Each structure stands twice: as C-alpha cells, then as structure tokens.
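For the sequence shown, the deposited numbering gives the first residue as 1, with consecutive numbering after it. Okay, structure first, notes after.
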Amino acid sequence: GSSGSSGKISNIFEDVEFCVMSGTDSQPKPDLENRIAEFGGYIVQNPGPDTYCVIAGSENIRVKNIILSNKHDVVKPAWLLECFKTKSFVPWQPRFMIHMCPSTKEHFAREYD
C-alpha cells in the first residue's frame, strides 16, 4: 500500500527482492525476512524472474526444487548479517554462496586461480 515517512535503517537493499527458505539456530528463517525489509528490501515466498537470489542456510525440500532447476542461486543466511552489522552491501563470497548458475559459477572459478 501507501506510506509516509518510512523509518528504514538503510536503502542498500533498495528495489531488491529476497526469498528466504530456511534460517539457522541463532537466527530463525523469518529472522532476515523482517530485517531485509527494514533495509528497504522486498520479501517474497517463491523465487521467480524478478528475484535477486535465495537465502538458505541448509538443504531442504523447497530449497532443493530451486536447486534442481539450476536457474537461481542459493546463499547462506549469514551473508545477510554481515550487511546488518556493517549496514552496507557486502560483496558476495565463495563461503556464503551455496549454489550459483553455470553462467555465474564460471566467473568465480577464474577468481580462485
């Protein structure tokens, strides 16, 4: 709907969709969902053509389906924290990303070397 003077912490995730499948002990699944939004981010249920990426700390039923399709990329729920603690858009890392399309993974392969 509409709004007035929103009280968002930052806009780092401005116009950025987010889909959380599962979280961790310290932080529950619906943990980042709330935060992200506060940082000017969008939270959906199912990943689509207008989705940045997925956030999954482990492998689950739903998460799997997304993996099989090999269309989107999976990321750990921790990477999100680094942004909440530094209030900035932290650069993707090989330790945070769990699954990356064959078009993106290739790029990382080089970096490793």
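Note that beta-carbon positions come from the ideal geometry of N, C-alpha and C, so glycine has one too.
Does the count of Cβ pairs from the stretch 4 to 12 and the stretch 58 to 68 closer than 8 angstroms reach three?
no
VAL63 beta carbon near the ligand COA (any heavy atom closer than 7 angstroms):
Among the components of this structure there are no ligands whatsoever, and the ligand COA is therefore not found.
Identify which residue in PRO102, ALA78, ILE43 and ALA37 has its Cα closest to the Cα of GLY57.
Indexing the sequence shown from 1 puts residue 57 at position 57. Ranking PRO102, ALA78, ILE43 and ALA37 by Cα distance to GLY57 puts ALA78 first.
Could you check if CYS53 is buried or exposed, using at least 16 other CB atoms within 10 Å of its CB as the buried criterion?
Start at 1 with the first residue of the sequence shown, and residue 53 comes out as number 53. Result: buried.
Indicate the three-state DSSP secondary structure (helix, strand or coil) for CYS83 in the structure shown.
On the sequence shown, position 83 is the one that residue 83 refers to. Here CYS83 sits in helix by DSSP.
At the level of alpha carbons, what is the spacing between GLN27 and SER103?
Here residue 27 corresponds to residue number 27 of the sequence shown, with the count starting at 1. Here residue 103 corresponds to residue number 103 of the sequence shown, with the count starting at 1. Those two C-alpha atoms are separated by around 31 angstroms.
Within this structure, are the beta carbons of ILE55 and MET21 separated by less than 8 angstroms?
Here residue 55 refers to the residue found at position 55 when the sequence shown is read from its first residue. Here residue 21 refers to the residue found at position 21 when the sequence shown is read from its first residue. Taking 8 angstroms as the Cβ cut-off, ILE55 and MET21 qualify as a contacting pair.
Residue from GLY1, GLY40, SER2 and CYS19 whose Cα sits closest to the Cα of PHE84
In the sequence shown, residue 84 corresponds to position 84, counting from 1. Nearest of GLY1, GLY40, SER2 and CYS19 to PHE84, Cα basis: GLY40.
Use the C-beta contact count for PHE18: other C-beta atoms within 10 angstroms, 16 or more gives buried, fewer gives exposed.
Counting from one through the sequence shown, the residue named residue 18 turns up at place 18. Per the 10 Å Cβ criterion, buried.
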